[PDB]
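These notes concern the structure reproduced below.
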Amino acid sequence: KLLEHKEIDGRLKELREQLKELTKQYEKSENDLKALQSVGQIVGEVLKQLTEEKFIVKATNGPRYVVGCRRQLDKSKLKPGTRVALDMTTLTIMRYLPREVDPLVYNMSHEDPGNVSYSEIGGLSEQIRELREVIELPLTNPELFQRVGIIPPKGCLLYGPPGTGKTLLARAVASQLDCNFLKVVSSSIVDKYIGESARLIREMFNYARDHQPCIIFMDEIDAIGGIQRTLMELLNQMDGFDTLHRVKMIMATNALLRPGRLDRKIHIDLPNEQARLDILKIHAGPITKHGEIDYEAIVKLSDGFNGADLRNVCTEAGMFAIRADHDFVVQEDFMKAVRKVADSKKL
Amino acid sequence: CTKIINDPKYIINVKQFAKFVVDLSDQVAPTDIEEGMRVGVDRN
Amino acid sequence: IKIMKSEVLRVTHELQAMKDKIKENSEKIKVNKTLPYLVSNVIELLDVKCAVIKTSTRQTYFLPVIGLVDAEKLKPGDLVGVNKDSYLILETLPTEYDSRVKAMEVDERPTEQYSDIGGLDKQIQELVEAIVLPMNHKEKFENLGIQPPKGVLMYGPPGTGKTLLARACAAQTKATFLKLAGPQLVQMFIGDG
Ligand SMILES: Nc1ncnc2c1ncn2[C@@H]1O[C@H](COP(=O)(O)OP(=O)(O)OP(=O)(O)O)[C@@H](O)[C@H]1O
Ligand SMILES: Nc1ncnc2c1ncn2[C@@H]1O[C@H](COP(=O)(O)OP(=O)(O)O)[C@@H](O)[C@H]1O
Ligand SMILES: [Mg+2]
């Protein structure tokens, strides 16, 4: 008779658990029924502060209303520009909301607190040494700089061949700090005469200051807006006035050379063959290769004089390997790739 | 009627006004209404 | 032996009471779900469980509660049918494609062999090795650990064979070609393109 009672207890426990799950489902139903009475709230930006209890809000696709806060809201959170949720009937501010990520700002606000070793950008030990000597000393200890008197170290210049690793140079320096690391190449700072300014000259220094130090790193300014006096004025504006949180400019391209306008200029040396071997090594790493491979005579025959040439020949050797099932690239295959690319570059 | 839903539901594009999920009135049959054709809807 | 009578009677009674109360609640929800269902998109999801909805009427409202659906089964960009006036989400909606987008798909499959293209053998090889070869191979491209490029821009003087090569690629591939033009993605209404 004990087994009968045990199967009984099994069935009764099943029924109890079924009732528990039904109770949870009933609670979800009551929660959604209570949720039904809730009504939406319009979204707007507080443009201005009229008084303590009066606000100016612009509905996203509505008109501007003069409104007041609910009551138990921290009025300080409602600066001009914040996002709020007005009630749909009395239009009173009910709650504040995070901003919504804006368009234009995708490469101006992204942070990259990464750790890219100087081994990745190979063959530029002198350049990374010079970059460290330029950026580390002001960032690490500005107390000595204010002691000696000279505040601004801004400027810098990395002219040389195009696309030889200019970005990696500022990425190599990302070993210590340099989180935001914005790239606003040839755009959004000058636009021929002035067109991009304030909202396109100051947000660099704002989003850098409200976070860890970085590098505005404007790039290839030889193609800004595609006027000189405008650039003269922009570089001599209050950019060096505040110099928020030791953020430097790492311009890369080809009386502008005096202090306060452009700091130390370095010519990115043409990739040396003894450095070409390091570049080919660190570019040909990820591609699946075989043991007999050797990166010695390639740089002898590969004098393409460009780092992207090395990246593309690494890719093109694999591209050669796509024909046939070769999962690895042979020395003859690299030789074919270089004798293709270094000659095709001439055309 | 941009998209048909399967009581079938119908997504309608009122030019620039809005997009709604509606059902046919009893006057018309579901076979008459096809995806992508323009139909008339009451204002309420 | 007491557990038989006591527990079975009580549990069946609660089962029946909860069952007809659930039927009442479900009927109330169903009758309250007024069908119009103004179509809207969830532009973002934020914790208090709350959503910011941009309706098809080009206005965004914050929702103190999600509504009749689950916040977990939602993300930015999903199509949801909110109430006309309460603007509260009533149900999620399946991915809806505009009539223009559906017409954009290739159904006739134009017939143009690569033999019909002359003077572009290198260009044909590049296009097939960048757009077709990474398609039907994939895993072995990963095997070599080489990144196949995401897009191809065919550029040149008019009449050089760009659209001809595109039509031939659509001809000699099993992929679902999606043709379009630049002027197509330009409309009066804001955000329509
Ligand atoms: N290399 C070629 N071999 C064979 N036929 C060609 C070649 N180039 C062009 N044609 C033919 O000439 C015409 C050129 O039209 P096509 O669509 O190829 O132009 P396109 O290069 O895309 O330029 P556009 O966009 O300026 O019209 C087509 O009828 C095509 O068949
Ligand atoms: N010496 C190098 N070592 C490794 N990669 C390099 C080197 N030179 C160029 N590259 C490649 O070039 C790309 C960066 O080009 P970059 O110099 O930033 O062009 P630009 O100066 O026009 O912005 C990187 O993706 C990198 O892989
Ligand atoms: Mg064409």
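Read-outs throughout are calculated quantities, based only on the coordinates presented, and are distinct from any laboratory measurement. Backbone-built Cβ (ideal geometry, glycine too); neighbour counts: all protein chains shown.
A few notes on this one:
- Residue (of A:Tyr159, A:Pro271, A:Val247) at the positive-pole extreme of chain A, dipole from beta-carbon charges: A:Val247
- The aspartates and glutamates within cross-link reach of C:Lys5, meaning a Cα-to-Cα straight distance under 17 Å and a gap of 8 or more places when in the same chain, are A:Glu4, A:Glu7, A:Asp9, A:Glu14, C:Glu14.
- Within straight-line cross-link reach of A:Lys58, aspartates and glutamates at Cα separation under 12 Å, skipping those fewer than 8 residues along the same chain: A:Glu45
- Student exercise, the protein assembly as shown dipole from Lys, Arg, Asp, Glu Cβ charges, in Debye to nearest 20: 1740
- Pairs beyond 23 Å (Cα-Cα), from A:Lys300/A:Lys345; A:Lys54/C:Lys84; A:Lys24/C:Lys30: A:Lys54/C:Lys84
- A simple packing score, the average count of other Cβ atoms within 10 Å per residue, orders the peptides A:90-97, C:98-105, C:165-172, A:292-299 as C:165-172, A:90-97, A:292-299, C:98-105, with the highest score first.
- Cβ-placed point charges (K, R +1; D, E -1), dipole of chain A about Cα centre in debye, nearest 20: 1360
- Overall, segment A:205-347 carries a charge dipole of about 440 debye about its Cα centre when +1 sits on the Cβ of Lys and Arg and -1 on the Cβ of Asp and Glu, all other atoms neutral.
- All Cα-Cα distances of chain A, cut into 20 Å bins from zero to the largest, leave 21, 35, 25, 16, 2, 0 percent in each bin in turn.
- Sum of side-chain charges, C:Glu44 neighbourhood, beta-carbon under 10 Å (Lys, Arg +1; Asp, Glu -1): +1
- Exceeding the 29 Å Cα-Cα cut-off - candidates A:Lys346/C:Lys140; A:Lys340/C:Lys138; A:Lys289/C:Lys138: A:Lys346/C:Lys140
- Cross-link reach list, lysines versus A:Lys265, counting only Cα pairs under 21 Å and skipping chain neighbours closer than eight places: A:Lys154, A:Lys166, A:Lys183, A:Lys248
- Charge dipole of the protein assembly as shown about the Cα centre (unit charges at C-beta), most positive-ward option of A:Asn312, A:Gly225, C:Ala71: C:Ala71
- Counting Cβ atoms of other protein chains within 10 Å of each Cβ in C:51-63 and taking the mean gives 6.
- Cβ-based charge dipole, the protein assembly as shown, positive-most Cα from A:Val105, C:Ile117, A:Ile121: A:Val105
- Structural descriptor for segment A:1-76: relative contact order 15 percent, calculated from alpha carbon pairs under 8 angstrom and at least 6 residues apart.
- Take every pair of alpha-carbon atoms less than 8 Å apart whose residues are at least six positions apart; their mean separation over the length of segment A:41-133 yields a relative contact order of 22 percent.
- Fewest-first sequence of C:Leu164, A:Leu2 by Cβ atoms within 10 Å of each Cβ: A:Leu2, C:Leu164
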